[PDB]
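Here the structure is laid out as structure tokens; the discussion comes afterwards.
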Amino acid sequence: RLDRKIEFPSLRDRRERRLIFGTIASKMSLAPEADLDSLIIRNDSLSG
Amino acid sequence: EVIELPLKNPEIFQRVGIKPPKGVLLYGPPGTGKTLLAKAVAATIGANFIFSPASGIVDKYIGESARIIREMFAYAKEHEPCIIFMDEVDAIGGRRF
Amino acid sequence: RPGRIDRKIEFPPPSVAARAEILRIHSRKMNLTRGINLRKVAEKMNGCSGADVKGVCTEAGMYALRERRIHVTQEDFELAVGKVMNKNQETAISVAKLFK
Amino acid sequence: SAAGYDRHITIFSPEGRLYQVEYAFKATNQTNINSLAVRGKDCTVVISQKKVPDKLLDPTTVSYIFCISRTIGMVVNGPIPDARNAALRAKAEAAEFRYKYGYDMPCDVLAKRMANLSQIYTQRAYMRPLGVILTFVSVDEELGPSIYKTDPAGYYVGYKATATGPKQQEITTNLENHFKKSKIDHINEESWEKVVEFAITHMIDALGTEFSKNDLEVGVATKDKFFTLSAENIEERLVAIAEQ
Amino acid sequence: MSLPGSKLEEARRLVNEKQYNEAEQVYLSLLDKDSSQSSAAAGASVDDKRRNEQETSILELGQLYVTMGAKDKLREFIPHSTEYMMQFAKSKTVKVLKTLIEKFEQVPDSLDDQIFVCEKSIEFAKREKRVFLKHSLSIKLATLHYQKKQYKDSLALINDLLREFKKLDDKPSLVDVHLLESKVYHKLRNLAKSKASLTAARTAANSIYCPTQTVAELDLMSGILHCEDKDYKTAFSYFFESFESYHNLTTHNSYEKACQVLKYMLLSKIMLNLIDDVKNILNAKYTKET
Amino acid sequence: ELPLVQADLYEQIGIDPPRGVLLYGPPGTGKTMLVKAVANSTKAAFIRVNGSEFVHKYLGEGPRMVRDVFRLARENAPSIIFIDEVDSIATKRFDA
Amino acid sequence: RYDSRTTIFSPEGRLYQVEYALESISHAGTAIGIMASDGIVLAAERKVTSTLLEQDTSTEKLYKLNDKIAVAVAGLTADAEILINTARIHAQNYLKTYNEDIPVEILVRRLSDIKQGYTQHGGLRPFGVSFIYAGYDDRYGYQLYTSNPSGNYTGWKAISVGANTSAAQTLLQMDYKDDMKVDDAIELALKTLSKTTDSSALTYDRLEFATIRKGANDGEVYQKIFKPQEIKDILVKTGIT
Amino acid sequence: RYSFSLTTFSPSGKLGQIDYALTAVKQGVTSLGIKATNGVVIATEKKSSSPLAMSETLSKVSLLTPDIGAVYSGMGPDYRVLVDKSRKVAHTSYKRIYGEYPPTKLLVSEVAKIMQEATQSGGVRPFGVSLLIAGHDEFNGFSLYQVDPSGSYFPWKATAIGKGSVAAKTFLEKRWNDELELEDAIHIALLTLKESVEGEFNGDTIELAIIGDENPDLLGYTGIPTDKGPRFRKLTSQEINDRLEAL
Ligand SMILES: Nc1ncnc2c1ncn2[C@@H]1O[C@H](COP(=O)(O)OP(=O)(O)O)[C@@H](O)[C@H]1O
Ligand SMILES: Nc1ncnc2c1ncn2[C@@H]1O[C@H](COP(=O)(O)OP(=O)(O)O)[C@@H](O)[C@H]1O
Ligand SMILES: [Mg+2]
Ligand SMILES: [Mg+2]
């Protein structure tokens, strides 16, 4: 069948929240006023 | 805010990098006058107007229908700013069932 | 109904004695286990199908693909059984907690 | 969806929540009135709107605010039939507690026995749930100003201020902003009257409509007592607002 | 009890505000008294069970042997770590002996001197005491050999351990081994088997629900490996998490390993040439502060 | 992607090469996203279908649609067949 | 169909409800009583498990009803709770009235009657419980019954109810003997259980046991639910661990 | 068709009303219990969907008797009656037969027995909730039990129930030890629960209580040393804050 079974996290560690917030910076340069790190704390169940 | 802002300047949305936002679903009990509001929005911009019906010219076939669809898109691009009002978009929807 | 078709053939869940032979032939195409432990792993987990037996070997030789080695070993075979068990677990787990 | 069991409150959904019990939360906007109660610092004020659509009705029998017992008020949202039955039950309960246990029944004990009674109505199939939100108001013998909202499911939870009705959400946000900026959980006004004035001010703001002395009914809990104000006492408060 | 415990304390003070000769003299007196106690003089030196006196003696052994720092006194003590296990042979001497051995490596020490002692003590465990005492110290040892830049000796010990813990399936002790297996293999430039045993670490642990310190070390190791594979978004993300774990934990030797990680963070964004993120990281929030 | 890039690698081992790939997780995990990426870098044919598009327009229309789709994959083979939703299509049992 | 009440019958004179209630008992864990002419052993398998489930301090499918008759439990535990309490009261009620303990045959009959009543009368569920009864009374000696959820009983020399009923029964009758021994009987339950169960560990945490003997002391009758550490000890001896 | 009586069984067995009740439970709040060898800690989180609503008014941790508290997950209204019926049966069956509160093991059976009745009748629905009941008695020690709307009870060392159960359960499996202090058990508890929510996690909205060793403080009378104070103690917000700061 049916050989490879791929799991996704969806609660997400801080490590994985950070990466998807990091997509913003790749996409476009952002303000020193911005802090991404603020957003990683407040999350608890938030997927991409 | 949805339509008028990015049309004058796509330029600010491009600075932020977040996509200029499009697609508005208008809803509400009949006689609201939301087709009248379609006109009032585009009246400010002086944007061209494409009101399409999709019954009496459109059936279940996608033969005839693709010719019709391809034309509308092309006219607005030339005549830009234009707003394409897709009316009877619910006659060509369907669900899983 | 039952004249049609009134002979029947059952194809059962394999026994360990059956399973050892299924590992043996899939390895003959591939690269043999080193120290020839291909019979030894059969006892450690019995499959529940013939295609589960197949599922060990493909997973085992996948590890050899990651590292890009030309052999397989006992350790590769052992990790590989555990992938196959994940599946039996995913299907039934609530029958041990909040049952009757 | 449907099939069984929007026909039964004794038969669960595949969701796990009873669909007919949820309909009692859609049967509470039926008379299109809104309530506000806020806490003072020795009084409770509760105000709900009055609709008198025709001059035939007498605005003195049109009310939703009730005297339940000496110290206890209640304002009801949702239909008149379940309003009377709830009010009666409450009147009977308040009265009973006293001969059994002695003193005046606290807002909390009344709310809790009515909540438990609502839950029973949903337990059995031969009784349906009530169709009202009950908002009880009292000033307590030992806990002082208290608002307990008991919903027709049998859920009961207290409040600093609460609002109910179909325009509720607007009063609710209005109240969040207010109690948050002051940094307190009370109104710091020290007479019952300037707390009635503030309440008037806030319902006018939230809904966005000027009301009249024939469109308000106001019940006021002070400690040891409860009263419902007549239209002409209600005007004094209004003319106080109208030129400060 | 009173006199060895008070004495132990009296010794420590004379180092730090008085001449070191008087400190050394109280340590010598203490060895003699404690030894009599260890080897019993009433059946526990106080009659019946151990009570407070005997358990006071084993506990103060870790401040006798190594307060201390690199001095010749510290060298002299290290072979005699091995002897007490025979002298006691209690079920909690096992625990103290792990604490003692690890302690000599943490303060400045020559690596060579310490090996011998560890091989001798592994023999006292696996002769007739407890396996439990045997396992720990073979893990510790392979690490010590890894730091001395002998990688052959480190693997040889890992293999014993690997097979005894294919017999056992609960042991978290096998996460530490696996983890360690990968560090040996990094330096041999076997970045296949660094992966092979990095994966094995996750499978034998249950997420990162394992002690928060081990998770720091495990995240750090993913961090190196992906940086070499030329993924610097994945390398940066692991290294930040591990920094966080070190930084928020109360350092004791973790101040060392947090610095290693802080460098790498920056290192990654240098490679891409995002100058922005180099200086997002460097302020004085902890880069020029702790 | 790797069977495409190095087929020889599979043969060498003599390993039966991988087959179906369930991707799964709760929603908003990014599954549709991942497989959008697969389609550009494969440099090969692509067939994406939906479960809203696998319906019965007539009695017995449902199965006709499957056979066309897997013949088509073979015609343009190698190709990767993607079904976005098989959560409505696959269900363990019924009382119907 | 003729599911819809329990006080109906069907065109074939079956009742779907009696059949459905019967299949309920093959959803819950194996339970085995083997009678030997030197004791009856009751052994049962648990149907729940996990490292944080406590099951090493507790029994929940071995109940002493009274002091000379006990039951093994198979079926729903909720259904089981009420009827165990009723059964214990009637067994013990006899005790009071007649000042001697209830005979085995009467107590099973009583409880079967109660079972049957839920099908016969009202708008209620039948009770989905199959109890294996093991007793001693001096009229017939050692007695083994089990009661159906239909609500009737038949005597037995070995029986198995609960999950995998068919498989267990075949296993038991291959190696059983009429002469037997109580010690050979224990070993037989342990033999059958290895095969029948879907857990290949089959360790103490899954296993209940009680042996009822009159060879325990002499002139006296002893019901002994074993404790968890004895259940472990006997697993080495039969060699499953 | 077998779904919607309580009287109809499936062909495969089991009753649907019990199955659907279990669905209900799992929608409720995340609550968890850890058995220790000198305590039991029982913990839940709370909400009201409006900040205007006060949070002491609600009680989702209730002492059932002075030595035995309980929590729930599931429908709110059903809890409040069932706790009233339980206190009331506790007196009838056992506080007139012992003249004081019943052991933990006993009372689990009595509450489980009200469930059994709310399934037995038809036209009366089960209760919507699953309880954890933890208490302490003088012969079986400290203890923990789950009482399901089925009318079945299960003994537990540790368990969790509600929305965050499946994730909480695997975290508990790993992190539990056979011998823990009361104090360590509290830290495993706050932490477990912080899986379920973050950024709105504070001691104010987290109710966490224990059945530990006697407290002479809440006894309320003094001079009679041959009776024990409440084994149950509810912890306050500020005290939970000391433990949350200390993490
Ligand atoms: N805001 C308004 N101002 C004036 N005329 C209005 C207004 N709203 C609704 N109408 C009236 O209703 C008529 C029908 O609305 P139309 O735009 O055809 O509606 P829909 O798609 O909602 O049926 C309008 O043509 C106009 O006469
Ligand atoms: N790894 C990621 N990087 C960036 N955005 C992501 C990532 N994962 C998911 N997202 C976002 O989530 C959106 C919705 O996810 P989608 O793939 O449609 O989900 P699912 O099938 O899991 O419900 C994507 O369009 C994307 O914007
Ligand atoms: Mg229109
Ligand atoms: Mg999707």
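The way I read the labels, and the way they are meant: chains A, B, ... in the order of the structure tokens, residue 1 as the first residue of every chain, and ligand 1 as the first ligand shown, with later ones counted on from there.
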
Inset, instruction - Enumerate residues in contact with ligand 4: an atom-to-atom distance of at most 8 Å, counting only C-alpha atoms and all ligand atoms. Format the result as a PyMOL selection string. - result: chain F and resi 27-28+30-32+84-85

Legend entry - Residue contacts of residue 207 in chain D (9 Å, only C-alpha atoms) excluding same-chain residues fewer than 2 positions away, as a PyMOL selection string: chain D and resi 167-168+170-171+202-205+209-210

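Taking only C-alpha atoms and all ligand atoms into account, the residues that come within 9 Å of ligand 1 are residues 27, 28, 29, 30, 31, 32, 33, 34, 35, 36, 37, 38 and 87 of chain B.
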
Legend entry - Interface list for chain H, partner chain F, 12 Å threshold, only C-alpha atoms, as a PyMOL selection string: chain H and resi 1-3+10-12

Inset, instruction - Give the residues close to ligand 2, within 10 Å, counting only C-alpha atoms and all ligand atoms; write them as a VMD selection string. - result: (chain A and resid 8 10 16 to 17 19 to 24 47 to 48) or (chain F and resid 23 to 36 84 to 85)

Legend entry - Spatial neighbours of range 60-72 of chain B, max dist 12 Å, only C-alpha atoms, sep filter under 2 positions, as an MDAnalysis selection string: (chainID B and resid 48:58 74:79 82:86 89 91:94) or (chainID F and resid 57)

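One distance worth recording is that between CA of residue 155 in chain H and CA of residue 17 in chain D, which is 27.5 Å.
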
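Using only C-alpha atoms, the chain E residues found within 9 Å of chain A amount to residues 233, 234, 237, 238, 240, 241, 276 and 280 of chain E.
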
Inset, instruction - Dump as a VMD selection string the residues of chain C that approach chain G to within 9 Å, counting only C-alpha atoms. - result: chain C and resid 95 to 100

Inset, instruction - Taking the chain letters and numbering used in this document, name the residues of chain F that DSSP puts in helix (DSSP H, G or I), as a ChimeraX atom specification. - result: /F:2-5,8-13,31-41,62-75

Output file for the selection above: N, CA and C atoms, as a CSV table (one decimal), in the first residue's frame:
chain,number,residue,atom,x,y,z
F,2,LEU,N,12.9,11.1,-4.6
F,2,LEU,CA,14.1,10.4,-4.8
F,2,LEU,C,14.0,9.2,-5.7
F,3,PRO,N,13.0,8.4,-5.8
F,3,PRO,CA,12.9,7.4,-6.9
F,3,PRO,C,13.0,7.9,-8.3
F,4,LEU,N,12.6,9.1,-8.5
F,4,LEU,CA,12.7,9.9,-9.8
F,4,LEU,C,14.2,10.2,-10.0
F,5,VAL,N,14.8,10.8,-9.0
F,5,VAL,CA,16.2,11.4,-9.1
F,5,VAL,C,17.2,10.2,-9.1
F,8,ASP,N,18.4,4.2,-9.5
F,8,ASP,CA,19.5,3.2,-9.5
F,8,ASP,C,19.9,2.8,-8.0
F,9,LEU,N,19.7,3.8,-7.1
F,9,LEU,CA,20.0,3.7,-5.8
F,9,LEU,C,19.1,2.6,-5.1
F,10,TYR,N,17.8,2.4,-5.5
F,10,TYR,CA,16.8,1.4,-5.1
F,10,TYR,C,17.2,0.0,-5.5
F,11,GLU,N,17.7,0.0,-6.7
F,11,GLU,CA,18.0,-1.2,-7.5
F,11,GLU,C,19.2,-1.9,-6.8
F,12,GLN,N,20.1,-1.0,-6.4
F,12,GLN,CA,21.4,-1.4,-5.9
F,12,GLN,C,21.3,-2.2,-4.5
F,13,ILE,N,20.4,-1.6,-3.7
F,13,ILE,CA,20.0,-2.2,-2.5
F,13,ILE,C,19.1,-3.4,-2.9
F,31,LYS,N,-0.8,20.5,5.1
F,31,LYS,CA,-0.7,19.3,4.2
F,31,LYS,C,-0.8,19.6,2.7
F,32,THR,N,-1.8,20.5,2.4
F,32,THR,CA,-2.0,20.9,1.1
F,32,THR,C,-0.9,21.7,0.6
F,33,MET,N,-0.3,22.5,1.4
F,33,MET,CA,0.9,23.3,1.2
F,33,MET,C,2.1,22.5,0.8
F,34,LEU,N,2.4,21.4,1.5
F,34,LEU,CA,3.6,20.6,1.3
F,34,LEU,C,3.5,19.9,-0.1
F,35,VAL,N,2.3,19.5,-0.5
F,35,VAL,CA,2.1,18.8,-1.7
F,35,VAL,C,2.0,19.6,-2.9
F,36,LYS,N,1.9,21.0,-2.7
F,36,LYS,CA,1.9,22.0,-3.8
F,36,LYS,C,3.4,22.2,-4.2
F,37,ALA,N,4.3,22.2,-3.2
F,37,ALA,CA,5.7,22.2,-3.3
F,37,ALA,C,6.3,21.0,-4.1
F,38,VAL,N,5.7,19.8,-3.8
F,38,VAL,CA,6.1,18.5,-4.4
F,38,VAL,C,5.9,18.7,-6.0
F,39,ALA,N,4.8,19.3,-6.4
F,39,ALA,CA,4.5,19.5,-7.8
F,39,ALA,C,5.4,20.3,-8.6
F,40,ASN,N,6.0,21.3,-8.2
F,40,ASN,CA,7.0,22.0,-8.9
F,40,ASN,C,8.3,21.3,-9.1
F,41,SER,N,8.9,20.6,-8.1
F,41,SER,CA,10.2,20.2,-8.0
F,41,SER,C,10.3,18.8,-8.5
F,62,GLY,N,-20.0,7.4,-9.6
F,62,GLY,CA,-18.8,7.4,-8.8
F,62,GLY,C,-17.6,6.5,-9.1
F,63,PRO,N,-17.8,5.2,-9.3
F,63,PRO,CA,-16.8,4.3,-9.7
F,63,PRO,C,-16.2,4.6,-11.1
F,64,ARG,N,-17.0,5.1,-12.1
F,64,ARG,CA,-16.6,5.4,-13.5
F,64,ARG,C,-15.4,6.3,-13.5
F,65,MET,N,-15.4,7.4,-12.7
F,65,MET,CA,-14.5,8.5,-12.4
F,65,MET,C,-13.2,7.9,-11.9
F,66,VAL,N,-13.1,6.9,-11.1
F,66,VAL,CA,-11.8,6.4,-10.5
F,66,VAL,C,-10.9,5.8,-11.5
F,67,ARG,N,-11.5,5.0,-12.4
F,67,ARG,CA,-10.9,4.2,-13.4
F,67,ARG,C,-10.3,5.0,-14.5
F,68,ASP,N,-10.9,6.2,-14.9
F,68,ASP,CA,-10.4,7.1,-15.7
F,68,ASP,C,-9.2,7.8,-15.2
F,69,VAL,N,-9.2,8.2,-13.9
F,69,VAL,CA,-8.2,8.9,-13.3
F,69,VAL,C,-6.8,8.1,-13.2
F,70,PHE,N,-6.9,6.7,-12.8
F,70,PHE,CA,-5.7,5.8,-12.6
F,70,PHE,C,-5.3,5.3,-13.9
F,71,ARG,N,-6.1,5.3,-15.0
F,71,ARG,CA,-5.7,5.0,-16.4
F,71,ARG,C,-4.9,6.1,-16.9
F,72,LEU,N,-5.3,7.4,-16.6
F,72,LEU,CA,-4.7,8.6,-17.1
F,72,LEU,C,-3.3,8.7,-16.5
F,73,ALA,N,-3.1,8.3,-15.2
F,73,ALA,CA,-1.9,8.3,-14.5
F,73,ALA,C,-0.9,7.5,-15.2
F,74,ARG,N,-1.4,6.3,-15.7
F,74,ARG,CA,-0.5,5.3,-16.4
F,74,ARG,C,-0.1,5.8,-17.7
F,75,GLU,N,-1.0,6.6,-18.4
F,75,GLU,CA,-0.8,7.1,-19.7
F,75,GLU,C,0.4,8.1,-19.7

Inset, instruction - Taking the DSSP assignment computed from this structure's backbone, write out as number ranges by chain all residues of range 11-90 of chain F that belong to strand (DSSP E). - result: F: 20-24, 45-49, 79-83

So that I have them on file, write out the residues from the current selection with C-alpha atoms, as a compact mmCIF listing (two decimals), in the first residue's frame.
# COMPACT_ATOMS: atom_id res chain seq x y z
CA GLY F 20 1.67 5.43 -0.87
CA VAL F 21 2.33 8.26 1.51
CA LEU F 22 -0.35 9.19 4.03
CA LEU F 23 0.15 12.65 5.21
CA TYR F 24 -1.85 13.43 8.33
CA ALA F 45 3.43 14.82 -14.43
CA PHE F 46 0.89 15.76 -11.83
CA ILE F 47 -2.67 14.61 -11.17
CA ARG F 48 -4.63 16.29 -8.25
CA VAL F 49 -8.09 15.33 -7.56
CA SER F 79 3.03 10.85 -12.51
CA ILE F 80 1.97 11.40 -8.80
CA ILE F 81 -1.75 10.99 -7.98
CA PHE F 82 -2.96 13.29 -5.16
CA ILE F 83 -6.27 13.09 -3.51

Inset, instruction - Would you kindly return, as a PyMOL selection string, each protein, DNA or RNA residue with an atom no farther than 10 Å from any atom of residue 164 in chain H, considering only C-alpha atoms and excluding same-chain residues fewer than 2 positions away? - result: chain H and resi 26-32+160-162+166-169+192-193+195-197

Take the residues just selected and output them with C-alpha atoms as a short mmCIF file (atom, residue, chain, number, x, y, z; two decimals), in the first residue's frame.
data_model
loop_
_atom_site.label_atom_id
_atom_site.label_comp_id
_atom_site.auth_asym_id
_atom_site.auth_seq_id
_atom_site.Cartn_x
_atom_site.Cartn_y
_atom_site.Cartn_z
CA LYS H 26 -14.80 14.68 26.38
CA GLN H 27 -16.09 18.07 25.34
CA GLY H 28 -15.73 19.40 28.97
CA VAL H 29 -12.72 20.97 30.63
CA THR H 30 -9.26 19.31 31.23
CA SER H 31 -9.07 17.65 34.62
CA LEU H 32 -6.55 15.28 35.97
CA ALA H 160 -7.00 12.53 33.02
CA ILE H 161 -10.29 13.16 31.31
CA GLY H 162 -11.89 15.87 29.24
CA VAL H 166 -5.16 12.14 25.16
CA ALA H 167 -2.21 14.50 25.33
CA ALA H 168 -2.33 14.80 29.14
CA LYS H 169 -2.48 11.04 29.48
CA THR H 192 0.45 18.92 32.92
CA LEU H 193 -2.45 21.30 32.82
CA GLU H 195 -0.14 21.74 28.16
CA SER H 196 -3.89 22.46 27.64
CA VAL H 197 -3.47 26.19 27.82
#
